[PDB]
There are 2 protein chains.
Amino acid sequence: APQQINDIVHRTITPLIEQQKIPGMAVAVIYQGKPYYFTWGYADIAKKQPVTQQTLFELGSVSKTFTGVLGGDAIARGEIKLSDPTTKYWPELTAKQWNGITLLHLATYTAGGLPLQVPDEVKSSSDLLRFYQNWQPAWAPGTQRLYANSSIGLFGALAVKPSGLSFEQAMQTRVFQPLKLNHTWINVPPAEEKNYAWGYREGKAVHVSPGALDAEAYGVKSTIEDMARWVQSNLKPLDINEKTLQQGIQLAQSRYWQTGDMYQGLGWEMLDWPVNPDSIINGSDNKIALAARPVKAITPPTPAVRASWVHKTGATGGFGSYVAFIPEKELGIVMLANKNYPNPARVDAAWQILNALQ
Amino acid sequence: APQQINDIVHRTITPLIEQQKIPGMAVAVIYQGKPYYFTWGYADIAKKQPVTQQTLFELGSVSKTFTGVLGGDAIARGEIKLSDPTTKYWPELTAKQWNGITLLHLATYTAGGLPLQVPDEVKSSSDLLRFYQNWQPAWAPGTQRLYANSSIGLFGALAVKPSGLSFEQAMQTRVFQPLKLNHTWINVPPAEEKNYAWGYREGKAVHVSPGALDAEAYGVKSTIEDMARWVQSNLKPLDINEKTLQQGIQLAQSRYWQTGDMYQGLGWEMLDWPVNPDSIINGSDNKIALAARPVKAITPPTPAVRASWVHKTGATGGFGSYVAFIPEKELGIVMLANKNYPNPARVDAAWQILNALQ
Ligand SMILES: *[B]([O])([O])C1=[C]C2=C([C]=[C][C]=[C]2)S1
Ligand SMILES: *[B]([O])([O])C1=[C]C2=C([C]=[C][C]=[C]2)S1
C-alpha cells in the first residue's frame with residue numbers, strides 16, 4: 001500500500017498493540033474506496049496460530065449495525081414501519097406500559113429505559129415475554145436515550161417477523177449473501193472453527209456466551225476482509241444491486257435523534273464531519289456511552305448525510321472492535337482485536353489514522 | 001398500441017370529452033413502463049390547431065409535484081432539512097408565530113392555516129414579507145391540513161435559497177434537464193409559443209395569469225410526452241442516474257401525514273393500493289379537496305410505498321390535468337385538457353383505465 005498509509009498505521013497501531021498488550025489484531029483501512037490490510041500477533045497464543053485475512057473475530061455490538069441495516073431492508077421491502085406499535089408484531093406484549101412504544105423507540109434506545117442487559121436468567125421464550133411484560137419504564141418513550149441490548153435486540157426479532165424467516169436466515173439471505181460476506185456468521189459452522197480466534201480476558205481464552213437476544217444485539221463474527229466489504233457497502237450504498245438493501249443501508253444512516261453532538265441512526269451512530277476529536281474520544285468512554293441522555297427528535301429524520309463521521313464500537317468478554325468511516329471522503333477503517341481494551345484508545349487511534357489521510 | 005389499451009382508452013375518454021365539452025385532450029398510459037399516446041380535438045379552436053404530442057398544456061397544481069421533488073433533491077444535497085425552522089432561510093421573518101413553523105409544515109400545508117391563495121395585491125418582495133409577517137395562524141403547526149399555494153409556494157422559494165440559483169434555474173438545472181424534460185417550461189420561450197394551447201373558460205380562450213409564487217405553486221407547462229417521462233421517472237426512481245434526484249423523488253413520495261385514508265407527501269398525495277375508487281373520486285371534489293382536515297403525523301415518515309395509488313390534480317382557469325400511478329404495477333396515466341372540468345370525472349376515468357389493465 002502507499003507509503004503514507006503504511007507509515008501512519010505502523011506508527012499508530014503497533015505502539016497501541018504494545019501498550020494494550022493485544023494478542024492479535026487485524027486492521028483494514030479503506031482509502032479512496034480501496035482496502036489495505038494489516039496484521040499482527042496471534043489468533044491463538046497457545047497454538048501460536050497467527051491472525052490472517054481469514055481469522056474470525058467476535059464483533060460484539062458492531063453487530064448492531066447489521067441488525068439496523070436488516071431492519072432498514074425490511075422497511076424498504078414494505079414489511080414493517082418504524083411508526084408501528086410494538087404490540088403489532090408481538091400481540092402477547094399486552095401490558096399497558098407498552099402502549100405508545102413503537103419499533104423506532106426500540107431501534108434507537110428511546111423506549112424509556114429498557115435495560116442494557118436482558119437478565120442471564122431469562123432463557124425460555126416465556127422468560128422473555130414475562131421480562132418485557134413486567135418491565136416498568138423509567139421515562140416516557142422518546143425522551144431519553146439509554147444504550148441497550150434489550151431494546152435493539154427486540155427490534156431485530158420483531159423486524160423479521162413478517163418475512164417468516166428466522167433472524168439468522170433473514171440475515172444470511174438478505175444481508176450477508178447479497179454483499180458477498182462469505183465468512184460472516186452468527187453461528188460459526190464446523191468448517192470455520194479453525195479460523196475462529198480466541199478472545200483473551202485475564203490471560204484466559206474465551207468466546208462470547210449464549211444469551212437472550214445475543215444474535216440480534218451482539219452475535220456476529222467476521223474477518224477483516226468481509227468487514228472491509230461491510231464498510232465499502234455502507235460508504236457507497238448506490239453501488240449495491242439489491243434495491244431494498246441499498247435503501248436499507250440509507251435508512252440505517254438517517255438521523256432520527258440528536259443528543260449532544262451525536263445523532264442516532266439504526267445501529268449506526270453519526271457526527272457531522274469535521275469532528276471534534278475530544279468529543280468522539282471522550283464520548284466513547286462507557287461512563288458517558290452507557291449513561292442516559294435526553295434526545296431531541298429530528299422531525300422528519302435527516303436522510304444519510306455524506307459529510308459524517310459514521311461509527312460504532314463493539315466488545316465482548318475477550319474482543320474489542322471498532323468501525324468508522326466518512327462517506328464524503330471514501331475513507332473508512334476497521335479494527336479487530338482479540339482483547340477488550342479501552343474504547344477511547346480505539347477511537348483515538350482511528351482518528352489519528354483517518355485525520356492523517358484527509 | 002395493443003388493442004386492449006387502445007379500446008379501454010377510447011371507451012372511457014370519448015364520452016368524457018363529449019360529456020364535459022372538452023375542446024382538446026392528450027392522454028398517455030404508461031403500461032409496463034412503455035408510454036402510449038392518445039390525442040383529441042383542438043389546442044386552438046379558432047385556428048383549428050390540433051392537439052399533438054408537442055402541444056403545451058398548463059399543469060396547474062400538478063406543478064407542486066415538481067416543486068416537491070426539487071425540494072427533496074435539495075434535502076438529498078444537504079442544502080436544507082425539512083426539520084429546519086422557516087426563519088433559518090428567511091431571517092427577516094421576525095413575527096413570533098413563525099417560531100416553530102418548519103419547512104415540513106410549509107411543504108405539506110400544515111403550518112396552521114396559511115391561505116389557499118396569496119392576495120392579488122401582493123406583488124413586491126416586500127409585499128410578500130409583509131403578507132407573511134402579518135399572517136395570524138388559526139391553528140398550531142402540525143395539527144390541521146389546509147391545501148394552500150401560499151404554503152407549498154413559500155417552501156419552493158426557500159428551498160432553492162442556499163443554492164444561490166433562482167427557482168426557475170434550479171428547476172431547469174436540477175430537475176428538467178437531468179430527466180430530459182426538454183419541452184417543459186415555467187416560462188414558455190417565443191420559439192415554443194406556437195405549441196402553447198389555449199385554455200377555455202366559458203367559451204373564452206385564456207392562459208394563466210401571473211401571481212405571487214405562481215412558478216412555485218402552479219407555473220409549469222408541459223407536453224404529454226414529457227409528462228409521460230415525468231411519470232416513468234417517479235414510477236422507477238432507482239433508474240435515475242443523478243443520485244440526489246433519485247433520492248429527492250423518493251423523499252417526495254414518503255408519507256408524512258395521514259388524513260382520512262389519504263397520505264401527504266411533498267406535492268404528491270397517496271393512498272394505499274388497491275384503493276376504493278370512491279375513496280379517491282369523492283375525496284377529490286374541490287369541495288373536500290381544499291377544506292380543513294385534522295392530520296395525524298406519521299413518526300417517522302414511511303418511505304415511498306410501492307403499493308400505493310400516487311396522484312395529483314391540477315387546474316388553472318382554462319386547464320384541467322391529472323396524474324396517477326401505481327409503482328408496484330408499473331402503471332400510470334396522464335390526462336391533459338384545455339378545460340377545467342370536475343375532478344371526480346378525471347379520477348373516475350383514470351381508475352376505469354388503470355383498473356382494466358390489472
Ligand atoms: B456492545 O459491545 O456495546 C455490547 C455491550 C454489552 C453487550 C452484551 C452484554 C452486556 C453489554 S454487547
Ligand atoms: B391547483 O390546480 O389545485 C391550484 C389551485 C389554485 C391555484 C391557483 C390559485 C388558487 C388556487 S392552482
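In what follows, chains carry the letters A, B, and so on, assigned in the order in which the sequence lines appear, proteins first and then strands, with residues in each chain numbered from 1. As a basis for the values below, the full set of heavy atoms in this structure was taken, side chains included, without hydrogen atoms, waters or symmetry mates.
- A:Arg201 contributes atom CZ, which lies 9.5 Å from atom OG1 of A:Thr316 (distance to the nearest 0.5 angstrom).
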Check: residues 235-245 of chain B side-chain donor-acceptor pairs under 3.5 Å, at least two apart:
unit_1	atom_1	unit_2	atom_2	d
B:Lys236	NZ	B:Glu330	OE2	2.9
B:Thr244	OG1	B:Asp73	OD1	2.6

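- Note: A:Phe57 and A:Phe319 have perpendicular aromatic rings, judged against thresholds of 30 and 60 degrees for the angle between ring planes.
- Here A:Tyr196 and A:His207 bring their ring centres to under 6.0 angstrom of each other.
- Ion pair A:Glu269/A:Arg255 not flagged as a salt bridge, since none of the NZ, NE, NH1 or NH2 atoms sits closer than 4.0 Å to an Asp/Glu carboxylate oxygen.
- Taking the six-membered ring for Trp and the full ring otherwise, the centers of A:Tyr263 and A:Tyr256 sit at least 6.0 Å from each other.
- Classified by interplanar angle (parallel below 30°, tilted 30° to 60°, perpendicular above 60°), the ring pair A:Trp230/A:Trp268 is parallel.
- By the side-chain hydrogen bond (donor to acceptor under 3.5 Å, both in side chains) test, A:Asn282 is found to be paired with no residue, residues two or more places apart in sequence or in another chain being considered.
- Nearest heavy-atom pair, A:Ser63 versus A:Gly219, reported as atom, atom and distance to 0.1 Å: OG-N, 3.6 Å.
- Considering only residues two or more places apart in sequence or on other chains, A:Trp257 meets the ring pair (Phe, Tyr, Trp, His ring centres under 6.0 Å) condition with none of them.
- For the atom pair CG (A:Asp226) and OG1 (A:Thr184), the distance works out to 3.5 Å, reported to the nearest 0.5 Å.
- Side-chain contact, A:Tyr147 with A:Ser61: a donor N or O sits under 3.5 Å from an acceptor N or O.
- A:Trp309 and A:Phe325 have their aromatic ring centers separated by at least 6.0 angstrom.
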